[PDB]
$ cat entry-v4.cif   # mmCIF, N, CA, C and O atoms
data_upload
loop_
_atom_site.group_PDB
_atom_site.id
_atom_site.type_symbol
_atom_site.label_atom_id
_atom_site.label_comp_id
_atom_site.auth_asym_id
_atom_site.auth_seq_id
_atom_site.Cartn_x
_atom_site.Cartn_y
_atom_site.Cartn_z
ATOM 1 N N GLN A 1 -15.359 -33.808 -163.605
ATOM 2 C CA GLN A 1 -14.364 -33.144 -162.766
ATOM 3 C C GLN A 1 -12.972 -33.464 -163.276
ATOM 4 O O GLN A 1 -12.050 -32.679 -163.067
ATOM 5 N N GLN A 2 -12.819 -34.575 -163.991
ATOM 6 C CA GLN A 2 -11.571 -34.874 -164.651
ATOM 7 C C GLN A 2 -11.380 -33.811 -165.740
ATOM 8 O O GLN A 2 -10.552 -32.983 -165.427
ATOM 9 N N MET A 3 -12.529 -33.348 -166.265
ATOM 10 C CA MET A 3 -12.392 -32.568 -167.469
ATOM 11 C C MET A 3 -11.947 -31.214 -166.923
ATOM 12 O O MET A 3 -11.211 -30.464 -167.569
ATOM 13 N N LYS A 4 -12.364 -30.945 -165.682
ATOM 14 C CA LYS A 4 -11.946 -29.724 -165.005
ATOM 15 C C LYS A 4 -10.491 -29.793 -164.610
ATOM 16 O O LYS A 4 -9.779 -28.789 -164.713
ATOM 17 N N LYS A 5 -10.017 -30.964 -164.158
ATOM 18 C CA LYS A 5 -8.637 -31.015 -163.756
ATOM 19 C C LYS A 5 -7.851 -30.866 -165.026
ATOM 20 O O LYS A 5 -6.770 -30.321 -164.977
ATOM 21 N N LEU A 6 -8.417 -31.306 -166.160
ATOM 22 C CA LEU A 6 -7.804 -31.215 -167.476
ATOM 23 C C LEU A 6 -7.718 -29.776 -167.975
ATOM 24 O O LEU A 6 -6.684 -29.363 -168.512
ATOM 25 N N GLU A 7 -8.737 -28.959 -167.733
ATOM 26 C CA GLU A 7 -8.592 -27.574 -168.159
ATOM 27 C C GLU A 7 -7.432 -27.010 -167.342
ATOM 28 O O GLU A 7 -6.551 -26.302 -167.857
ATOM 29 N N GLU A 8 -7.392 -27.402 -166.076
ATOM 30 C CA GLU A 8 -6.316 -27.019 -165.207
ATOM 31 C C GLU A 8 -5.039 -27.713 -165.643
ATOM 32 O O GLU A 8 -3.987 -27.120 -165.536
ATOM 33 N N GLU A 9 -5.102 -28.925 -166.213
ATOM 34 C CA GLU A 9 -3.899 -29.622 -166.647
ATOM 35 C C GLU A 9 -3.222 -28.775 -167.667
ATOM 36 O O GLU A 9 -2.020 -28.803 -167.743
ATOM 37 N N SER A 10 -3.957 -28.038 -168.488
ATOM 38 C CA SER A 10 -3.276 -27.174 -169.442
ATOM 39 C C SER A 10 -2.491 -26.126 -168.677
ATOM 40 O O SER A 10 -1.288 -25.945 -168.864
ATOM 41 N N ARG A 11 -3.130 -25.523 -167.691
ATOM 42 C CA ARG A 11 -2.441 -24.520 -166.884
ATOM 43 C C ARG A 11 -1.276 -25.171 -166.120
ATOM 44 O O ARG A 11 -0.247 -24.548 -165.866
ATOM 45 N N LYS A 12 -1.459 -26.436 -165.751
ATOM 46 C CA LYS A 12 -0.505 -27.249 -165.021
ATOM 47 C C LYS A 12 0.411 -28.020 -165.961
ATOM 48 O O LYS A 12 1.238 -28.813 -165.508
ATOM 49 N N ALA A 13 0.209 -27.856 -167.276
ATOM 50 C CA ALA A 13 1.034 -28.448 -168.324
ATOM 51 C C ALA A 13 1.966 -27.345 -168.726
ATOM 52 O O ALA A 13 2.139 -27.223 -169.939
ATOM 53 N N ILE A 14 1.598 -26.307 -168.019
ATOM 54 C CA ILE A 14 2.504 -25.278 -167.702
ATOM 55 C C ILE A 14 2.592 -24.325 -168.845
ATOM 56 O O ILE A 14 3.442 -24.420 -169.721
ATOM 57 N N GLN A 15 1.776 -23.297 -168.751
ATOM 58 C CA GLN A 15 1.778 -22.212 -169.702
ATOM 59 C C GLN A 15 3.044 -21.448 -169.417
ATOM 60 O O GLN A 15 3.594 -20.788 -170.278
ATOM 61 N N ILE A 16 3.573 -21.678 -168.220
ATOM 62 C CA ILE A 16 4.805 -21.113 -167.712
ATOM 63 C C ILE A 16 5.959 -21.644 -168.540
ATOM 64 O O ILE A 16 7.078 -21.149 -168.446
ATOM 65 N N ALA A 17 5.724 -22.664 -169.360
ATOM 66 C CA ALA A 17 6.736 -23.176 -170.228
ATOM 67 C C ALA A 17 7.137 -22.035 -171.118
ATOM 68 O O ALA A 17 8.274 -21.990 -171.568
ATOM 69 N N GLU A 18 6.194 -21.088 -171.344
ATOM 70 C CA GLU A 18 6.386 -19.880 -172.108
ATOM 71 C C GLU A 18 7.500 -19.118 -171.478
ATOM 72 O O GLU A 18 8.571 -19.370 -171.993
ATOM 73 N N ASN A 19 7.406 -19.117 -170.153
ATOM 74 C CA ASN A 19 8.107 -18.094 -169.459
ATOM 75 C C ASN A 19 9.463 -18.675 -169.195
ATOM 76 O O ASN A 19 10.463 -17.967 -169.150
ATOM 77 N N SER A 20 9.482 -19.990 -169.061
ATOM 78 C CA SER A 20 10.693 -20.744 -168.801
ATOM 79 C C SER A 20 11.566 -20.784 -170.041
ATOM 80 O O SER A 20 12.761 -20.457 -170.007
ATOM 81 N N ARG A 21 10.960 -21.129 -171.167
ATOM 82 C CA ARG A 21 11.698 -21.174 -172.392
ATOM 83 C C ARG A 21 12.004 -19.753 -172.791
ATOM 84 O O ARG A 21 13.043 -19.484 -173.393
ATOM 85 N N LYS A 22 11.100 -18.842 -172.459
ATOM 86 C CA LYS A 22 11.273 -17.458 -172.763
ATOM 87 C C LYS A 22 12.469 -16.980 -172.011
ATOM 88 O O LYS A 22 13.299 -16.316 -172.590
ATOM 89 N N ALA A 23 12.619 -17.354 -170.747
ATOM 90 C CA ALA A 23 13.765 -16.920 -169.991
ATOM 91 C C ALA A 23 15.042 -17.366 -170.665
ATOM 92 O O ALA A 23 16.035 -16.627 -170.686
ATOM 93 N N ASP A 24 15.020 -18.554 -171.249
ATOM 94 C CA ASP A 24 16.191 -19.022 -171.951
ATOM 95 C C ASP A 24 16.404 -18.128 -173.178
ATOM 96 O O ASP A 24 17.538 -17.768 -173.512
ATOM 97 N N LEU A 25 15.308 -17.694 -173.797
ATOM 98 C CA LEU A 25 15.422 -16.784 -174.914
ATOM 99 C C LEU A 25 15.769 -15.375 -174.467
ATOM 100 O O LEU A 25 16.429 -14.644 -175.187
ATOM 101 N N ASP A 26 15.387 -14.981 -173.275
ATOM 102 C CA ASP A 26 15.726 -13.649 -172.836
ATOM 103 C C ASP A 26 17.228 -13.631 -172.717
ATOM 104 O O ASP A 26 17.880 -12.645 -173.083
ATOM 105 N N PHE A 27 17.785 -14.750 -172.273
ATOM 106 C CA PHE A 27 19.206 -14.862 -172.253
ATOM 107 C C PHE A 27 19.806 -14.793 -173.657
ATOM 108 O O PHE A 27 20.679 -13.947 -173.884
ATOM 109 N N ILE A 28 19.295 -15.552 -174.638
ATOM 110 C CA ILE A 28 19.918 -15.457 -175.963
ATOM 111 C C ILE A 28 19.777 -14.054 -176.530
ATOM 112 O O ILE A 28 20.644 -13.627 -177.288
ATOM 113 N N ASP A 29 18.701 -13.336 -176.192
ATOM 114 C CA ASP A 29 18.560 -11.976 -176.674
ATOM 115 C C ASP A 29 19.582 -11.053 -176.045
ATOM 116 O O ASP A 29 19.917 -10.034 -176.638
ATOM 117 N N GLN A 30 20.073 -11.339 -174.843
ATOM 118 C CA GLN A 30 21.113 -10.472 -174.334
ATOM 119 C C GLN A 30 22.406 -10.825 -175.013
ATOM 120 O O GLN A 30 23.187 -9.947 -175.359
ATOM 121 N N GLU A 31 22.589 -12.089 -175.351
ATOM 122 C CA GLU A 31 23.816 -12.465 -176.030
ATOM 123 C C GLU A 31 23.811 -11.780 -177.411
ATOM 124 O O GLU A 31 24.823 -11.227 -177.853
ATOM 125 N N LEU A 32 22.618 -11.740 -178.042
ATOM 126 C CA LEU A 32 22.375 -11.121 -179.342
ATOM 127 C C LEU A 32 22.413 -9.614 -179.354
ATOM 128 O O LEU A 32 22.996 -9.028 -180.268
ATOM 129 N N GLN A 33 21.773 -8.966 -178.390
ATOM 130 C CA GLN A 33 21.764 -7.528 -178.402
ATOM 131 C C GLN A 33 23.103 -7.012 -177.881
ATOM 132 O O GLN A 33 23.542 -5.932 -178.285
ATOM 133 N N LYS A 34 23.776 -7.775 -177.001
ATOM 134 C CA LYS A 34 25.108 -7.392 -176.579
ATOM 135 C C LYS A 34 25.955 -7.395 -177.831
ATOM 136 O O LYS A 34 26.678 -6.432 -178.107
ATOM 137 N N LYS A 35 25.836 -8.465 -178.624
ATOM 138 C CA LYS A 35 26.592 -8.542 -179.838
ATOM 139 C C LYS A 35 26.208 -7.447 -180.808
ATOM 140 O O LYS A 35 27.096 -6.862 -181.394
ATOM 141 N N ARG A 36 24.927 -7.117 -180.961
ATOM 142 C CA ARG A 36 24.547 -6.060 -181.887
ATOM 143 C C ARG A 36 25.255 -4.769 -181.530
ATOM 144 O O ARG A 36 25.748 -4.056 -182.415
ATOM 145 N N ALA A 37 25.304 -4.458 -180.227
ATOM 146 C CA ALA A 37 26.006 -3.275 -179.764
ATOM 147 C C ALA A 37 27.477 -3.387 -180.122
ATOM 148 O O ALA A 37 28.073 -2.426 -180.612
ATOM 149 N N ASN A 38 28.016 -4.603 -179.974
ATOM 150 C CA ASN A 38 29.384 -4.929 -180.325
ATOM 151 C C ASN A 38 29.601 -4.947 -181.823
ATOM 152 O O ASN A 38 30.687 -4.662 -182.266
ATOM 153 N N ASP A 39 28.595 -5.215 -182.636
ATOM 154 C CA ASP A 39 28.817 -5.185 -184.066
ATOM 155 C C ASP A 39 29.019 -3.746 -184.456
ATOM 156 O O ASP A 39 29.912 -3.416 -185.239
ATOM 157 N N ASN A 40 28.253 -2.859 -183.845
ATOM 158 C CA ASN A 40 28.447 -1.470 -184.161
ATOM 159 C C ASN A 40 29.755 -0.961 -183.524
ATOM 160 O O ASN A 40 30.482 -0.172 -184.145
ATOM 161 N N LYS A 41 30.109 -1.472 -182.319
ATOM 162 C CA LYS A 41 31.368 -1.098 -181.657
ATOM 163 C C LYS A 41 32.587 -1.828 -182.218
ATOM 164 O O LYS A 41 33.703 -1.329 -182.109
ATOM 165 N N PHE A 42 32.416 -3.019 -182.778
ATOM 166 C CA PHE A 42 33.532 -3.734 -183.378
ATOM 167 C C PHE A 42 33.918 -2.921 -184.603
ATOM 168 O O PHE A 42 35.092 -2.767 -184.904
ATOM 169 N N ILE A 43 32.934 -2.350 -185.300
ATOM 170 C CA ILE A 43 33.298 -1.512 -186.416
ATOM 171 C C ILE A 43 33.990 -0.277 -185.890
ATOM 172 O O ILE A 43 35.102 0.026 -186.296
ATOM 173 N N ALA A 44 33.356 0.406 -184.931
ATOM 174 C CA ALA A 44 33.872 1.661 -184.390
ATOM 175 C C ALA A 44 35.240 1.575 -183.710
ATOM 176 O O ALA A 44 36.031 2.514 -183.786
ATOM 177 N N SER A 45 35.513 0.473 -183.036
ATOM 178 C CA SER A 45 36.737 0.274 -182.276
ATOM 179 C C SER A 45 37.933 -0.210 -183.070
ATOM 180 O O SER A 45 39.028 -0.333 -182.513
ATOM 181 N N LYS A 46 37.758 -0.529 -184.342
ATOM 182 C CA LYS A 46 38.872 -1.058 -185.095
ATOM 183 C C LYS A 46 39.225 -0.167 -186.267
ATOM 184 O O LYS A 46 38.755 -0.401 -187.378
ATOM 185 N N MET A 47 40.075 0.845 -186.020
ATOM 186 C CA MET A 47 40.421 1.850 -187.039
ATOM 187 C C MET A 47 41.388 2.969 -186.573
ATOM 188 O O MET A 47 42.076 2.704 -185.582
ATOM 189 N N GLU A 48 41.986 3.574 -187.618
ATOM 190 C CA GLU A 48 42.287 5.037 -187.656
ATOM 191 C C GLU A 48 43.574 5.438 -186.947
ATOM 192 O O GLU A 48 44.237 6.376 -187.384
ATOM 193 N N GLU A 49 43.986 4.735 -185.902
ATOM 194 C CA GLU A 49 45.184 5.151 -185.176
ATOM 195 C C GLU A 49 46.337 5.327 -186.136
ATOM 196 O O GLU A 49 47.148 6.237 -186.002
#

$ encode --input "entry-v4.cif" --output "structure tokens"
Amino acid sequence: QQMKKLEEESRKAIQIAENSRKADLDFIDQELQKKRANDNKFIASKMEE
């Protein structure tokens, strides 16, 4: 039954760590994709007047 709590320990060792660290990455991806949009807009916005 320890071995059972252990299979659960993996689930309780938190596969959600995926989701937690992922959330931190979802944030960096907005910083990144915001910037990607801005890389194309930084080019577009700086010219021509």

$ atom_distance --input "entry-v4.cif" --atom1 "CA of residue 33 in chain A" --atom2 "CA of residue 45 in chain A"
17.3 Å

$ select_by_dssp --input "entry-v4.cif" --residues "chain A" --states "helix (DSSP H, G or I)" --output "ChimeraX atom specification"
/A:2-11,17-45

$ atom_distance --input "entry-v4.cif" --atom1 "atom N of residue 17 in chain A" --atom2 "atom N of residue 36 in chain A"
27.3 Å

$ atom_distance --input "entry-v4.cif" --atom1 "CA of residue 23 in chain A" --atom2 "atom O of residue 10 in chain A"
17.6 Å

$ decode --input "entry-v4.cif" --residues "range 8-21 of chain A" --atoms "N, CA and C atoms" --output "short mmCIF file (atom, residue, chain, number, x, y, z; two decimals), in the first residue's frame"
data_model
loop_
_atom_site.label_atom_id
_atom_site.label_comp_id
_atom_site.auth_asym_id
_atom_site.auth_seq_id
_atom_site.Cartn_x
_atom_site.Cartn_y
_atom_site.Cartn_z
N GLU A 8 0.73 7.19 -6.34
CA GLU A 8 0.05 8.43 -6.10
C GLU A 8 1.06 9.51 -5.76
N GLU A 9 2.19 9.19 -5.13
CA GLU A 9 3.18 10.20 -4.78
C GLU A 9 3.64 10.84 -6.05
N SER A 10 3.71 10.11 -7.15
CA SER A 10 4.11 10.76 -8.39
C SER A 10 3.06 11.80 -8.75
N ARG A 11 1.80 11.41 -8.67
CA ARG A 11 0.73 12.35 -8.97
C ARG A 11 0.74 13.50 -7.95
N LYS A 12 1.14 13.19 -6.73
CA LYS A 12 1.23 14.11 -5.61
C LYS A 12 2.60 14.75 -5.52
N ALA A 13 3.51 14.39 -6.44
CA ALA A 13 4.85 14.95 -6.56
C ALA A 13 4.72 15.97 -7.65
N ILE A 14 3.48 15.87 -8.08
CA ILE A 14 2.83 16.95 -8.68
C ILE A 14 3.20 17.01 -10.13
N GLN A 15 2.36 16.38 -10.92
CA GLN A 15 2.49 16.41 -12.36
C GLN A 15 2.08 17.80 -12.76
N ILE A 16 1.38 18.46 -11.85
CA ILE A 16 0.90 19.82 -11.96
C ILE A 16 2.10 20.75 -11.98
N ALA A 17 3.29 20.25 -11.66
CA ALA A 17 4.48 21.04 -11.73
C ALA A 17 4.61 21.47 -13.16
N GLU A 18 4.04 20.66 -14.09
CA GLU A 18 3.99 20.91 -15.51
C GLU A 18 3.28 22.21 -15.71
N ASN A 19 2.21 22.31 -14.92
CA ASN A 19 1.22 23.25 -15.31
C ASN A 19 1.62 24.53 -14.64
N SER A 20 2.28 24.37 -13.50
CA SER A 20 2.76 25.48 -12.70
C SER A 20 3.94 26.15 -13.38
N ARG A 21 4.91 25.34 -13.79
CA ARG A 21 6.05 25.87 -14.46
C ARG A 21 5.61 26.33 -15.83
#
